[PDB]
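Taken together, the values in this text are just the output of simple stated rules run on the coordinates, not laboratory data. When we count neighbours, we look across all protein chains shown, and the Cβ atoms used for this are built from the backbone with ideal geometry, even at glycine.
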6 protein chains.
Amino acid sequence: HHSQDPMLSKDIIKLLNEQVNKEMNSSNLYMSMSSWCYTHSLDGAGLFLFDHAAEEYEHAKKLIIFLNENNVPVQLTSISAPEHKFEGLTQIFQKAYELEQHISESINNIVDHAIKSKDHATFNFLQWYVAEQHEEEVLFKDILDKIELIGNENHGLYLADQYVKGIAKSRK
Amino acid sequence: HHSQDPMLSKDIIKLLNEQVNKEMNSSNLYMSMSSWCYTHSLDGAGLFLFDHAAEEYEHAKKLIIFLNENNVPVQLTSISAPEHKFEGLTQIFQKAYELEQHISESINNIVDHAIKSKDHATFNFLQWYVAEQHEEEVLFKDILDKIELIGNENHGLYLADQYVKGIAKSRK
Amino acid sequence: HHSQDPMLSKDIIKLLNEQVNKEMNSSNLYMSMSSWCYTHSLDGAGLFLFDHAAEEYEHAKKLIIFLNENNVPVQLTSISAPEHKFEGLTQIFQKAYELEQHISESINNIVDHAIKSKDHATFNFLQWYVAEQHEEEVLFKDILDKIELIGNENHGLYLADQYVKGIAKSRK
Amino acid sequence: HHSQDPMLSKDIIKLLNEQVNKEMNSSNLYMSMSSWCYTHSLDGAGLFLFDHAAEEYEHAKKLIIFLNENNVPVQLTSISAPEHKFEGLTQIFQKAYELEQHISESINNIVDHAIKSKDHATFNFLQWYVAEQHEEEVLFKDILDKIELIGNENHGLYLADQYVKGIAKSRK
Amino acid sequence: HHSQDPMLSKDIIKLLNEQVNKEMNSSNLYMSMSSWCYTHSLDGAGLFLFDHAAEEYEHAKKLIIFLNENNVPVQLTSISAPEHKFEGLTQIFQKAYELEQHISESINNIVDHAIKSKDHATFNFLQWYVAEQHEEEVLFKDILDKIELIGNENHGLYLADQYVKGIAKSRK
Amino acid sequence: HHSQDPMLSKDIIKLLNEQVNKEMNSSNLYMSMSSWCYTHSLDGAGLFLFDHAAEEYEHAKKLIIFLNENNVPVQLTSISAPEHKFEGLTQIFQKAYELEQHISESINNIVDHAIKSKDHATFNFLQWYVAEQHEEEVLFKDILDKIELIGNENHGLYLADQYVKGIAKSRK
Ligand SMILES: [Fe+3]
Ligand SMILES: [Fe+3]
Ligand SMILES: [Fe+3]
């Protein structure tokens, strides 16, 4: 039996497949960061990072669904082993913010390419992912600002972790 | 600051971390199988395997949560790129059933090691996973039985797919 | 008394008027394909196609609305008689799939042209149309995939027409 | 496979098909009339005529449904480009009123022919259409009467348009 | 303490801050136009323009919120004293329509610069403003059309004002 | 057509017009203060100051409405560019408190003048603005006291910002 060919172009397909893989690699990094937090008495950040990892996995799932609906093969490659050694809460969120910047940029690249290809079906699809990612990027900026404002004198780590715990619970 | 040590023993920790990575590998193989289905007109199987893949990741997450609560560092390894090429619906489900059999034995091995090293907190936490995994294994057996009963003469494939679609929709 | 000039530019105006006429054309072609179906015992496909025709005409209306609100005169041209002879269920849905592909492209062209001329009012207006059209194009791909999976052995036509009836009942 | 032959007679079939084409032609004429009004600061009449154009299209769909149900092929022919230049509001509604009288007459002719041929299934079907068309004819007569009562010295045009706008909102 | 850098580029920041100040200038011109209306017995126009001025300030606030969330300093300049003298209702609405045209182009220019520098978070945030501004521009076109249709012979002004009053009350 | 003259005296008119302008200049200063906060990791104060700016703009709007109702021309002059450089959270609220004192005094001056002119309509109108302003002045005193009580050792800025954030949210 004959199945219709992929409804997207080759280049867009490769970009989307790679984006799936990035979100999965993010999801695992955030779980590793979360574990670091949980095993260094920072369960606030641990919870926050664990839930954020599931958001990133949710993005991968949504990209997959869009691939499936366009009859495009999802070609999953490996998910890299995440970094597991960290210096502290601040460094974790500094790395997290940098990652979220990289992810926003990776989406921009696909969106841009959609515009050049005049693939507006894909452009239109992504816009929801653009908006969501922007809010995530802003969130990590805010958390990082806050961790840095509090500092790590005496009870500062505890205060930071309680602040993040509040965000985790708010965003449920 | 001092954070308490891991509350489980070295050997249990190794088995549990192995199982997390194993569930993640399975999850991605199911995603790949799902995509094959979606790109060969079998959207019922497609959906079924997509939802099943998501549920295997949920198992990995549940193990991670248990690890975190016990102050055990999660050790996420690289997740293997799944097989992308399959011969047809029957062979996907034979390979899936065989995988679920292996996952059931993996879990049995951890539970056995818990009994033997007298870790009943772990024994007890795992029971819920034993029961859920057993239902998943039976389900794959039943799907395979049905695929084999229908055959692929004439519109056997369509019928098999619609049947699988019904299962997927009833489980949501 | 003086009425404000058209709020869109000449090129955009022409492309939008041409799209109005094309949607009217496509509506009539789907009506004709629907009638073929109904007069050859395929009332599932006849309903589906009738309701789709109605929806093409709704797209026409929405374009007209946008033209009116911008003080742009609507220039309806002749609608040519649609094709009325067809070879069968598969060939109708093959043709309709190709028409949907062509419509998706005709819209991508308008959108590109909006971007190009910085008419973002019109870009923003079209995005709902891009989204809807994508879902229609996807739907015809899925219906054509299912018809080809089922085939026209024995009661294949019946099964395929009943599947399409299911779709039609579901979309209402 | 054998599909049952048309349930209606040749003559009725031709008259119903030519009525479908007339209603589609009317719909487009009404759209063109609406556009003239919207582009000459007469949005009351613009709305009114657009909505009336949609209703004429619904009449065409209902005739098509009847044909499909009787296993009669629908034969859509060319729909001619409507007139797009008009002299003013009064002329538009004079021309519309004349068209509605012609529409009423063409329906009367089909009903007469059903009686002659003792097609009472058709006669019975047409009754709802006779009733609705008479309501539409009266409506156009009433709007024309009001347009002629108001005049176009001096803010006559505005008052007429506001009155028509009131009707459009009331009927929807 | 270190606070993260502005998340947007220099050129976008300049365009956005320019737009904030531009919306504030417009807002005050609308307030001034409103007052002229209120002091020349045109309280319908008065209300309409007051509410519209308040809504332009809301646009400035929405831009500011976006700037704040991106860690971009808001640069508020002096806001120009508006024109206080006008010739009449028609000339107020001609000048208002011309302003809305300019505001629509200003926004188009920012959106275009976002596409070009691949800032889609900004592109995406702005779309909502494009759509709202388009509706505002159409509204001013429609009001001007109506003012021009009614004229100012006899109680044309009263009628125009009452019409505008109706619009203002329906939009609250 | 003849419009009634202003129902207020010249001196009161000039005072009220100036008060409109002061509240607008306040609104923009508070937004500048708010931006400073938001770009120095103080989003609590940023939110609080942003919302307070909208309260000040609301006062300007209410003064405007009273002018309009008395047939008094609103003669808007420029809104000065606000200060944008600040040393810290304490200095911001020290400047804010001083401003609120100046604003309370400016209202007293108009109220006083109303008493001397025996303009009791205006005296009565303002009393609501007197009460509101007094509560605002007390608020800034309280916030300033609190910021000064907390200090800016280690985590003091964070604690102050969280305290203010609590007020912002309370007052919504
Ligand atoms: Fe399983
Ligand atoms: Fe009148
Ligand atoms: Fe505007």
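Annotation note: trypsin sites (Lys or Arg not before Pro) in segment F:63-120 located in DSSP loop regions with a Cβ neighbour count of at most 13 within 10 Å are F:85, F:118.
Summarising the rotation from chain F to chain B, the nearest chain F beta-carbon to the axis and its distance in Å are given as F:172, 22.
With the convex hull of the Cα atoms taken as the outline of the protein assembly as shown, the averaged projected area works out to 47.9 nm². Taken residue by residue and averaged, Cβ atoms of other chains lying within 10 Å of the Cβ of F:78-84 number 5. Spread over its residues, the convex hull of the C-alpha atoms of chain D is 113 Å³ per residue.
Note on residue E:154 and residue C:172: the model spin-label points, each 7 Å out from Cα along the C-beta direction, lie 5.3 nm apart. Distance from the alpha carbon centroid of segment A:1-16 to that of segment A:130-153 works out to 37 angstrom.
Comment: the Cα-to-Cβ extended label point of residue D:134, at 7 Å, lies 4.5, 5.2, 5.9, 7.5, 7.6 nm from its counterparts in the other copies, nearest first.
For chain D, calculate the relative contact order in percent as a whole number, restricting contacts to Cα pairs under 8 Å that are 6 or more residues apart.
29 percent
Put simply, the C-alpha atoms of segment F:87-171 give a gyration tensor, and the ellipsoid matching it has half-axes of 34, 13, 7 Å, longest first. Can you list the distances in nanometres, one decimal and ascending, from the residue A:2 label point to the identical position in each other copy, with the point 7 Å along Cα to Cβ? Those separations, rounded to one decimal, come out as 3.3, 6.1, 6.1, 7.4, 8.8 nm.
Ascending distances from the residue E:62 label point to its copies in the other chains, with the point 7 Å along the Cα-to-beta-carbon line: 2.1, 2.1, 2.6, 4.2, 4.5 nm. Here the mean projected area of the convex hull built on the C-alpha positions of segment C:62-119 is 5.6 nm². Under 12 Å from the Cα of residue A:62, which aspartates and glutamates turn up, not counting those fewer than eight places away in the same chain? Correct list for residue A:62: A:23.
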